[PDB]
Amino acid sequence: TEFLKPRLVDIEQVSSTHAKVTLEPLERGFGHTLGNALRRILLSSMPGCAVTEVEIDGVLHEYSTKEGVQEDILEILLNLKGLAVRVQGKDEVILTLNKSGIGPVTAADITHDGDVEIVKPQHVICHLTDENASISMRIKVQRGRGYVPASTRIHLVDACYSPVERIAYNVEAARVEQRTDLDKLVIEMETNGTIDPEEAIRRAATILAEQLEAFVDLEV
Amino acid sequence: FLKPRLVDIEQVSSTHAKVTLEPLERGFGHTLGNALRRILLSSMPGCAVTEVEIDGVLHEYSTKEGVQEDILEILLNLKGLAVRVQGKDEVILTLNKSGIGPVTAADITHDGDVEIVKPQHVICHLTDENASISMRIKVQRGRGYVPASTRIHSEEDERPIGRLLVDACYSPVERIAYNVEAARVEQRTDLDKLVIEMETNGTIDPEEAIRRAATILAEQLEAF
Amino acid sequence: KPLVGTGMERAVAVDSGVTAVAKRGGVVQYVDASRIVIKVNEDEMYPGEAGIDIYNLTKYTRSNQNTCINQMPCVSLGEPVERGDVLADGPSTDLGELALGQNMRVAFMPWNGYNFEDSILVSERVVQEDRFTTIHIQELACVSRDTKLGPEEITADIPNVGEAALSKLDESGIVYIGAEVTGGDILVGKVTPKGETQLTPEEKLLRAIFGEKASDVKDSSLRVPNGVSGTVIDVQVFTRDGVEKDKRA
Amino acid sequence: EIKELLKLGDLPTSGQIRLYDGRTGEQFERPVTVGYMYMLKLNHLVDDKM
Amino acid sequence: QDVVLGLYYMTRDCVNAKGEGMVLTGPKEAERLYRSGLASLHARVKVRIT
Amino acid sequence: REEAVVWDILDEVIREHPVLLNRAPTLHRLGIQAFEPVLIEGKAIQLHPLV
């Protein structure tokens with residue numbers, strides 16, 4: 001009772017952070033199981049680092065107003081969440097926002113540390129209103145194997161770990177020769193720029209494989 | 001990063017059983033359990049009857065004198081005969097019987113790799129003192145559902161017209177269900193159980209099946 | 001049978017001739033898929049000629065709609081039967097009630113558009129269980145006629161056919177009972193005289209190169225209609241009173 | 001009478017239950033009516049019509 | 001029909017459900033919030049959109 | 001013979017070559033519409049819901 005295994009024929013990838021990869025041919029029923037399982041893992045468990053918290057140099061609170069910035073503090077916390085952080089063996093790093101002036105602070109406006117990589121110099125952190133303006137603060141990263149909300153750090157910033165911005169799988173019929181109906185599984189995923197999508201898939205179901213390491217034998 | 005593993009596999013009947021997996025992380029019992037349900041229901045070994053050559057009969061649409069079962073219905077009964085093999089991918093069983101009474105699945109000729117899980121299984125009954133039915137019951141082994149129709153492309157001199165092909169039922173699995181309940185292992189934050197209560201004709205063991213399922217599952221992961 | 005019913009289905013099944021109702025009540029001496037022999041009680045029975053009613057069940061045969069009509073015994077060997085009780089079931093009748101179809105587990109919910117208007121979305125369990133399967137009986141005929149050129153032959157000798165083609169026919173040219181057939185298979189070999197082709201140029205040239213005896217007989221044989229595939233359950237041969245019957249007939 | 005017979009079941013009064021997608025394994029929001037409907041196959045067979 | 005019941009059920013609001021009144025960077029993590037079961041398909045929420 | 005090769009040829013002749021679909025009560029001109037053929041197993045024609 002010999003079995004049918006595909007290997008991905010095409011990765012059709014848009015730009016860099018975006019990828020759409022097709023895997024064909026499958027066995028009937030396998031497209032949905034592979035797609036769904038790989039999606040559930042790709043989403044809620046992926047190793048990565050962003051921002052769990054930042055001290056406010058201006059005030060003590062998430063609700064306040066900064067002199068020289070119209071953005072509400074929660075608004076800036078949002079932007080901080082959208083900052084791409086890939087950290088090396090240093091488990092928890094911390095940076096500073098040091099800059100001031102007549103124009104917005106970007107992600108290239110942050111101090112440069114030893115094991116820290118910002119993928120986007122382009123990123124908008126917050127705008128700078130006129131003149132001197134008091135702004136510089138410090139930002140501490142955090143690690144997770146999954147997604148941890150802001151309210152969950154019990155004893156505030158939403159911690160976005162999983163590099164995946166979006167994951168979708170399209171199952172369509174695949175035609176092989178004398179085989180009538182098969183699965184053609186098309187994965188489509190966007191990332192935050194830290195880990196590229198192509199390898200992201202790989203680690204994603206390597207997790208799945210590792211969860212299955214307690215069971216099978218033979219082929220290997 | 002705790003990996004799961006099985007725990008007590010509780011047999012209940014010759015038909016079905018409940019298998020359990022203790023160490024499941026956040027939400028993983030679903031991502032595993034469903035993906036397991038899928039491969040369990042779809043891809044799995046089976047030895048379902050295929051070719052049956054009965055005694056005096058050219059085709060399924062007649063009636064053998066001395067049995068109140070139409071040939072077609074007898075075939076339909078044979079399709080539901082559950083067996084298991086060991087070292088053979090096809091075995092031909094010889095069924096013989098006569099005299100008034102029910103013909104069960106235990107009236108065949110035992111073979112090395114033959115195991116009849118339901119000796120009470122009714123093939124057909126027998127209505128008269130002398131009526132005898134000899135049949136070659138050709139049981140082969142495979143996966144999924146192969147209807148009698150798709151069997152002919154290959155063709156290749158199936159000329160003995162006494163040989164009636166039937167549709168292949170190959171699958172142990174009838175019904176697979178999974179429930180994830182919170183399993184509190186003595187020390188850990190929150191972990192879940194997986195109770196997969198499956199259903200079978202008795203021709204496949206729980207550990208056998210649940211093994212090969214995950215086997216194929218990770219086997220598809222070979223892309224990387 | 002219906003899971004949900006009225007109570008009229010019984011009356012319909014019985015009053016329609018499809019079922020087999022016992023003329024006289026008694027015990028079944030003999031139960032066969034072919035026939036059923038019932039021994040009459042003495043109270044119902046007339047004094048002379050003694051004892052039993054024998055019902056010969058209708059077996060697989062062509063209906064008007066090209067469907068199948070087959071009776072199955074609903075009774076068992078050595079069972080008491082009441083007068084006016086079902087001794088057998090016709091097609092689409094279960095245990096004396098009327099079964100026009102099959103009841104099944106159905107869920108009301110939009111599923112991915114696959115049931116867009118009234119469109120029905122059915123599982124694989126159903127097509128595999130072969131429960132909605134249906135049996136058709138088609139009556140095909142082959143006519144041997146008389147043309148001024150000559151009489152038509154039902155012979156198995158057919159111009160331009162391989163051994164695979166002539167195999168499924170007996171020596172006489174008619175297909176064997178029980179042989180499964182599909183579109184294009186020859187059911188009945190038939191050949192009609194057409195003499196003198198009046199072939200032309202390069203055709204001639206071709207026959208000259210390959211040396212073929214192109215026949216004076218055209219192939220009229222009855223073959224299974226395209227796409228329909230089934231098993232032969234019967235064959236009949238009608239002959240003019242006074243013409244010699246062929247081997248098969 | 002129907003609901004009463006359903007009480008003699010073990011099955012709900014609503015006639016609706018929870019159902020799970022065979023694909024994602026996740027539940028379906030809301031209960032969906034499930035039951036047994038006697039169904040007929042008319043003969044409009046597609047290998048007649050085609 | 002099926003489709004409009006789909007978009008209607010998608011875009012309609014209940015008074016309360018999971019995820020009521022929270023704030024999200026955009027549609028991406030809104031869908032991401034929903035699919036994982038944390039936030040209800042329909043809940044009153046402020047989100048940044050472009 | 002319905003040899004195995006020809007299906008691949010039919011895939012070619014079908015590609016850019018639209019077919020006309022029509023229903024019984026043709027009323028307005030949209031009662032006929034042209035589509036692109038997609039080869040399908042089965043005897044039934046598959047018609048886009050929006051149409």
# chains A, B, ... in the order shown; residues from 1 in each chain; ligands from 1
>>> residues_around(residues="residue 18 in chain B", least_positions_apart="4", cutoff="9 Å", atoms="only C-alpha atoms", output="compact mmCIF listing (two decimals) with N, CA, C and O atoms, in the first residue's frame")
# COMPACT_ATOMS: atom_id res chain seq x y z
N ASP B 8 -2.76 5.18 28.65
CA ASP B 8 -3.63 4.00 28.59
C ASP B 8 -4.57 4.01 27.39
O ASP B 8 -5.33 4.95 27.16
N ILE B 9 -4.50 2.92 26.64
CA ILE B 9 -5.36 2.71 25.49
C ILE B 9 -6.41 1.74 25.98
O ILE B 9 -6.15 0.55 26.16
N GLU B 10 -7.62 2.24 26.18
CA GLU B 10 -8.65 1.45 26.82
C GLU B 10 -9.51 0.72 25.80
O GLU B 10 -10.28 1.34 25.07
N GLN B 11 -9.36 -0.60 25.78
CA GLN B 11 -10.20 -1.44 24.94
C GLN B 11 -11.55 -1.55 25.62
O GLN B 11 -11.63 -1.67 26.85
N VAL B 12 -12.62 -1.51 24.84
CA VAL B 12 -13.96 -1.70 25.38
C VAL B 12 -14.63 -2.90 24.72
O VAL B 12 -14.98 -3.87 25.39
N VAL B 195 -8.73 12.52 24.01
CA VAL B 195 -9.40 11.23 24.02
C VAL B 195 -9.93 11.01 22.62
O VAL B 195 -10.91 11.62 22.21
N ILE B 196 -9.28 10.12 21.88
CA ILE B 196 -9.78 9.76 20.57
C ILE B 196 -10.47 8.42 20.75
O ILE B 196 -9.83 7.38 20.89
N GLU B 197 -11.80 8.45 20.74
CA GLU B 197 -12.58 7.24 20.87
C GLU B 197 -12.91 6.85 19.45
O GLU B 197 -13.72 7.49 18.79
N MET B 198 -12.28 5.78 18.97
CA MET B 198 -12.45 5.41 17.57
C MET B 198 -13.42 4.25 17.44
O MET B 198 -13.96 3.79 18.44
N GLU B 199 -13.65 3.80 16.21
CA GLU B 199 -14.57 2.70 15.95
C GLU B 199 -14.00 1.83 14.83
O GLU B 199 -13.52 2.34 13.82
N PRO B 206 -5.99 -0.53 18.07
CA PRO B 206 -5.91 0.92 18.33
C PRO B 206 -4.50 1.49 18.20
O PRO B 206 -4.32 2.53 17.57
>>> interface_residues(of="chain F", to="chain A", cutoff="12 Å", atoms="only C-alpha atoms", output="PDB file with N, CA and C atoms, in the first residue's frame")
ATOM      1  N   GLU F   3      -7.175   6.849 -25.825  1.00  0.00           N
ATOM      2  CA  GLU F   3      -5.789   6.657 -25.406  1.00  0.00           C
ATOM      3  C   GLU F   3      -5.355   7.757 -24.438  1.00  0.00           C
ATOM      4  N   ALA F   4      -4.400   7.440 -23.567  1.00  0.00           N
ATOM      5  CA  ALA F   4      -4.056   8.299 -22.430  1.00  0.00           C
ATOM      6  C   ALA F   4      -3.499   9.663 -22.853  1.00  0.00           C
ATOM      7  N   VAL F   5      -2.896   9.697 -24.028  1.00  0.00           N
ATOM      8  CA  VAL F   5      -2.259  10.892 -24.544  1.00  0.00           C
ATOM      9  C   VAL F   5      -3.229  12.034 -24.835  1.00  0.00           C
ATOM     10  N   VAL F   6      -4.310  11.721 -25.546  1.00  0.00           N
ATOM     11  CA  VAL F   6      -5.225  12.733 -26.083  1.00  0.00           C
ATOM     12  C   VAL F   6      -5.816  13.738 -25.068  1.00  0.00           C
ATOM     13  N   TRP F   7      -5.931  13.343 -23.801  1.00  0.00           N
ATOM     14  CA  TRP F   7      -6.455  14.251 -22.784  1.00  0.00           C
ATOM     15  C   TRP F   7      -5.571  15.495 -22.668  1.00  0.00           C
ATOM     16  N   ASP F   8      -4.271  15.297 -22.856  1.00  0.00           N
ATOM     17  CA  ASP F   8      -3.306  16.390 -22.801  1.00  0.00           C
ATOM     18  C   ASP F   8      -3.449  17.309 -24.011  1.00  0.00           C
ATOM     19  N   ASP F  11      -6.589  19.352 -23.424  1.00  0.00           N
ATOM     20  CA  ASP F  11      -6.207  20.450 -22.543  1.00  0.00           C
ATOM     21  C   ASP F  11      -5.704  21.641 -23.355  1.00  0.00           C
ATOM     22  N   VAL F  38     -13.468  24.487 -18.335  1.00  0.00           N
ATOM     23  CA  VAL F  38     -12.546  23.844 -17.407  1.00  0.00           C
ATOM     24  C   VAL F  38     -12.895  22.368 -17.319  1.00  0.00           C
ATOM     25  N   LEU F  39     -11.980  21.513 -17.769  1.00  0.00           N
ATOM     26  CA  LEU F  39     -12.232  20.076 -17.825  1.00  0.00           C
ATOM     27  C   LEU F  39     -12.598  19.491 -16.463  1.00  0.00           C
ATOM     28  N   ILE F  40     -13.708  18.758 -16.428  1.00  0.00           N
ATOM     29  CA  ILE F  40     -14.269  18.253 -15.179  1.00  0.00           C
ATOM     30  C   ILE F  40     -14.689  16.789 -15.276  1.00  0.00           C
ATOM     31  N   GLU F  41     -14.347  16.014 -14.254  1.00  0.00           N
ATOM     32  CA  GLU F  41     -14.822  14.646 -14.152  1.00  0.00           C
ATOM     33  C   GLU F  41     -16.298  14.649 -13.763  1.00  0.00           C
ATOM     34  N   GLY F  42     -17.093  13.866 -14.483  1.00  0.00           N
ATOM     35  CA  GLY F  42     -18.535  13.828 -14.310  1.00  0.00           C
ATOM     36  C   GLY F  42     -19.312  14.267 -15.533  1.00  0.00           C
TER      37      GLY F  42
END
>>> closest_atom_pairs(of="chain F", to="chain C", cutoff="12 Å", atoms="only C-alpha atoms", output="Markdown table")
| residue | atom | partner | partner_atom | distance |
| --- | --- | --- | --- | --- |
| F:1 | CA | C:184 | CA | 10.7 |
| F:43 | CA | C:227 | CA | 11.0 |
| F:46 | CA | C:114 | CA | 11.0 |
| F:47 | CA | C:116 | CA | 10.8 |
| F:48 | CA | C:116 | CA | 10.1 |
| F:49 | CA | C:116 | CA | 7.3 |
| F:50 | CA | C:116 | CA | 10.3 |
>>> write_last_selection(atoms="C-alpha atoms", output="compact mmCIF listing (two decimals), in the first residue's frame")
# COMPACT_ATOMS: atom_id res chain seq x y z
CA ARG F 1 -9.59 4.15 -27.96
CA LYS F 43 -21.47 14.32 -16.67
CA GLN F 46 -20.66 23.56 -13.53
CA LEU F 47 -22.16 27.07 -13.65
CA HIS F 48 -20.80 30.05 -11.70
CA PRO F 49 -23.18 31.11 -8.88
CA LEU F 50 -22.99 34.84 -9.64
>>> closest_residue(among="B:214, B:152, B:82, B:48", to="residue 115 in chain B", atoms="only C-alpha atoms")
B:82
>>> residues_around(residues="residue 96 in chain B", least_positions_apart="2", cutoff="12 Å", atoms="only C-alpha atoms", output="ChimeraX atom specification")
/B:54-55,93-94,98-99,103-110,123-124,126,131-137
>>> residues_around(residues="residue 192 in chain A", least_positions_apart="3", cutoff="10 Å", atoms="only C-alpha atoms", output="mmCIF file with N, CA, C and O atoms, in the first residue's frame")
data_model
loop_
_atom_site.group_PDB
_atom_site.id
_atom_site.type_symbol
_atom_site.label_atom_id
_atom_site.label_comp_id
_atom_site.auth_asym_id
_atom_site.auth_seq_id
_atom_site.Cartn_x
_atom_site.Cartn_y
_atom_site.Cartn_z
ATOM 1 N N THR A 17 8.715 40.028 2.059
ATOM 2 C CA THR A 17 7.958 39.622 3.244
ATOM 3 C C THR A 17 6.698 38.819 2.916
ATOM 4 O O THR A 17 6.089 38.218 3.804
ATOM 5 N N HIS A 18 6.304 38.828 1.647
ATOM 6 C CA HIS A 18 5.107 38.125 1.209
ATOM 7 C C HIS A 18 5.492 36.874 0.427
ATOM 8 O O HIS A 18 6.462 36.891 -0.331
ATOM 9 N N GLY A 82 4.466 47.199 15.925
ATOM 10 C CA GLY A 82 4.730 46.956 14.519
ATOM 11 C C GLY A 82 6.198 47.049 14.144
ATOM 12 O O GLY A 82 6.549 47.012 12.965
ATOM 13 N N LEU A 83 7.058 47.177 15.147
ATOM 14 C CA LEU A 83 8.494 47.230 14.907
ATOM 15 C C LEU A 83 9.087 45.827 14.909
ATOM 16 O O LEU A 83 8.830 45.038 15.820
ATOM 17 N N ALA A 84 9.883 45.527 13.887
ATOM 18 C CA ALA A 84 10.413 44.183 13.700
ATOM 19 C C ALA A 84 11.724 43.992 14.446
ATOM 20 O O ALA A 84 12.729 44.633 14.137
ATOM 21 N N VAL A 85 11.705 43.086 15.418
ATOM 22 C CA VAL A 85 12.859 42.844 16.272
ATOM 23 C C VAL A 85 13.359 41.409 16.142
ATOM 24 O O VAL A 85 12.659 40.461 16.502
ATOM 25 N N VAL A 119 14.736 45.491 10.790
ATOM 26 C CA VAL A 119 14.631 45.180 9.369
ATOM 27 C C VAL A 119 14.205 46.406 8.561
ATOM 28 O O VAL A 119 14.545 46.532 7.383
ATOM 29 N N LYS A 120 13.451 47.299 9.196
ATOM 30 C CA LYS A 120 12.930 48.480 8.518
ATOM 31 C C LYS A 120 13.407 49.798 9.123
ATOM 32 O O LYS A 120 12.923 50.209 10.179
ATOM 33 N N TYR A 161 4.735 38.017 18.991
ATOM 34 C CA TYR A 161 5.914 37.176 18.843
ATOM 35 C C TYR A 161 5.978 36.571 17.452
ATOM 36 O O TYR A 161 6.942 36.786 16.715
ATOM 37 N N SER A 162 4.953 35.792 17.120
ATOM 38 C CA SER A 162 4.877 35.109 15.840
ATOM 39 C C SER A 162 5.030 36.091 14.689
ATOM 40 O O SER A 162 4.213 36.995 14.522
ATOM 41 N N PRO A 163 6.076 35.898 13.875
ATOM 42 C CA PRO A 163 6.413 36.757 12.736
ATOM 43 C C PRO A 163 5.300 36.825 11.696
ATOM 44 O O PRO A 163 5.309 37.721 10.849
ATOM 45 N N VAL A 164 4.348 35.903 11.771
ATOM 46 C CA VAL A 164 3.281 35.828 10.781
ATOM 47 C C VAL A 164 2.268 36.955 10.947
ATOM 48 O O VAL A 164 1.688 37.145 12.018
ATOM 49 N N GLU A 165 2.097 37.743 9.894
ATOM 50 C CA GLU A 165 0.999 38.697 9.851
ATOM 51 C C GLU A 165 -0.295 38.058 9.354
ATOM 52 O O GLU A 165 -1.378 38.348 9.866
ATOM 53 N N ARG A 166 -0.176 37.191 8.352
ATOM 54 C CA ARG A 166 -1.349 36.555 7.765
ATOM 55 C C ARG A 166 -1.051 35.163 7.207
ATOM 56 O O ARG A 166 0.008 34.929 6.618
ATOM 57 N N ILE A 195 11.815 36.659 10.122
ATOM 58 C CA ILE A 195 12.040 35.428 9.380
ATOM 59 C C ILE A 195 11.251 35.499 8.077
ATOM 60 O O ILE A 195 10.085 35.892 8.060
ATOM 61 N N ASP A 196 11.911 35.154 6.981
ATOM 62 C CA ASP A 196 11.262 35.105 5.684
ATOM 63 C C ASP A 196 10.206 34.008 5.704
ATOM 64 O O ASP A 196 10.326 33.048 6.464
ATOM 65 N N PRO A 197 9.162 34.150 4.871
ATOM 66 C CA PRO A 197 8.062 33.178 4.850
ATOM 67 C C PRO A 197 8.508 31.753 4.499
ATOM 68 O O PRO A 197 8.042 30.793 5.127
#
>>> interface_residues(of="chain A", to="chain E", cutoff="12 Å", atoms="only C-alpha atoms", output="ChimeraX atom specification")
/A:36,39-45,74-83,146-151,157-158,160,162-168,189-192
>>> residues_around(residues="residue 14 in chain D", least_positions_apart="5", cutoff="10 Å", atoms="only C-alpha atoms", output="PDB file with N, CA and C atoms, in the first residue's frame")
ATOM      1  N   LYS D   3     -41.280  16.695  20.775  1.00  0.00           N
ATOM      2  CA  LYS D   3     -40.335  17.080  21.816  1.00  0.00           C
ATOM      3  C   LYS D   3     -40.316  16.039  22.916  1.00  0.00           C
ATOM      4  N   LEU D   6     -38.449  13.184  21.853  1.00  0.00           N
ATOM      5  CA  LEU D   6     -37.051  13.589  21.913  1.00  0.00           C
ATOM      6  C   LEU D   6     -36.516  13.513  23.342  1.00  0.00           C
ATOM      7  N   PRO D  31     -26.268  26.368  16.894  1.00  0.00           N
ATOM      8  CA  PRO D  31     -26.619  24.976  16.603  1.00  0.00           C
ATOM      9  C   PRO D  31     -27.168  24.858  15.187  1.00  0.00           C
ATOM     10  N   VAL D  32     -26.998  23.701  14.553  1.00  0.00           N
ATOM     11  CA  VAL D  32     -27.614  23.463  13.253  1.00  0.00           C
ATOM     12  C   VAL D  32     -28.573  22.279  13.306  1.00  0.00           C
ATOM     13  N   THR D  33     -29.736  22.440  12.686  1.00  0.00           N
ATOM     14  CA  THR D  33     -30.737  21.388  12.685  1.00  0.00           C
ATOM     15  C   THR D  33     -30.213  20.162  11.955  1.00  0.00           C
ATOM     16  N   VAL D  34     -30.208  19.029  12.647  1.00  0.00           N
ATOM     17  CA  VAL D  34     -29.868  17.757  12.029  1.00  0.00           C
ATOM     18  C   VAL D  34     -30.944  16.737  12.381  1.00  0.00           C
TER      19      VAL D  34
END
>>> interface_residues(of="chain D", to="chain A", cutoff="10 Å", atoms="only C-alpha atoms", output="VMD selection string")
chain D and resid 22 to 25
>>> decode(residues="range 17-33 of chain E", atoms="N, CA, C and O atoms", output="tab-separated table (two decimals), in the first residue's frame")
chain	number	residue	atom	x	y	z
E	17	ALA	N	-19.63	40.73	23.08
E	17	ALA	CA	-19.02	39.44	22.82
E	17	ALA	C	-17.53	39.54	23.14
E	17	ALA	O	-17.06	40.57	23.60
E	18	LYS	N	-16.80	38.45	22.90
E	18	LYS	CA	-15.36	38.46	23.09
E	18	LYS	C	-14.69	39.52	22.22
E	18	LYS	O	-14.97	39.61	21.02
E	19	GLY	N	-13.82	40.32	22.82
E	19	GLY	CA	-13.05	41.30	22.08
E	19	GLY	C	-13.69	42.67	22.03
E	19	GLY	O	-13.20	43.56	21.33
E	20	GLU	N	-14.77	42.85	22.77
E	20	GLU	CA	-15.49	44.12	22.80
E	20	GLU	C	-14.61	45.27	23.29
E	20	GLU	O	-14.03	45.20	24.38
E	21	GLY	N	-14.52	46.32	22.49
E	21	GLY	CA	-13.88	47.56	22.90
E	21	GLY	C	-12.36	47.59	22.91
E	21	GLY	O	-11.78	48.54	23.42
E	22	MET	N	-11.72	46.57	22.36
E	22	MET	CA	-10.26	46.57	22.30
E	22	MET	C	-9.77	47.33	21.07
E	22	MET	O	-10.57	47.81	20.28
E	23	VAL	N	-8.45	47.45	20.93
E	23	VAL	CA	-7.87	48.21	19.83
E	23	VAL	C	-6.81	47.41	19.08
E	23	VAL	O	-5.96	46.75	19.69
E	24	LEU	N	-6.86	47.47	17.75
E	24	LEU	CA	-5.96	46.68	16.91
E	24	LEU	C	-5.31	47.50	15.80
E	24	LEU	O	-5.92	48.43	15.27
E	25	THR	N	-4.08	47.13	15.45
E	25	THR	CA	-3.29	47.89	14.48
E	25	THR	C	-3.91	47.93	13.08
E	25	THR	O	-3.71	48.89	12.34
E	26	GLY	N	-4.66	46.89	12.74
E	26	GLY	CA	-5.26	46.79	11.42
E	26	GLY	C	-6.03	45.50	11.22
E	26	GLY	O	-6.03	44.63	12.09
E	27	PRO	N	-6.69	45.37	10.05
E	27	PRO	CA	-7.50	44.22	9.65
E	27	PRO	C	-6.78	42.88	9.77
E	27	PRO	O	-7.41	41.87	10.12
E	28	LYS	N	-5.48	42.87	9.50
E	28	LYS	CA	-4.67	41.66	9.57
E	28	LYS	C	-4.78	40.98	10.93
E	28	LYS	O	-5.14	39.80	11.02
E	29	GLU	N	-4.48	41.72	11.99
E	29	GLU	CA	-4.51	41.15	13.33
E	29	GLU	C	-5.93	41.11	13.89
E	29	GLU	O	-6.16	40.58	14.97
E	30	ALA	N	-6.88	41.69	13.15
E	30	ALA	CA	-8.29	41.55	13.49
E	30	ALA	C	-8.74	40.15	13.11
E	30	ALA	O	-9.36	39.44	13.91
E	31	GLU	N	-8.43	39.77	11.87
E	31	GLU	CA	-8.71	38.41	11.40
E	31	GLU	C	-7.92	37.43	12.24
E	31	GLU	O	-8.44	36.38	12.64
E	32	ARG	N	-6.67	37.77	12.49
E	32	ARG	CA	-5.79	36.94	13.31
E	32	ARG	C	-6.35	36.78	14.72
E	32	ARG	O	-6.22	35.72	15.33
E	33	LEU	N	-6.99	37.83	15.22
E	33	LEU	CA	-7.65	37.77	16.52
E	33	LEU	C	-8.86	36.84	16.47
E	33	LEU	O	-9.07	36.04	17.38
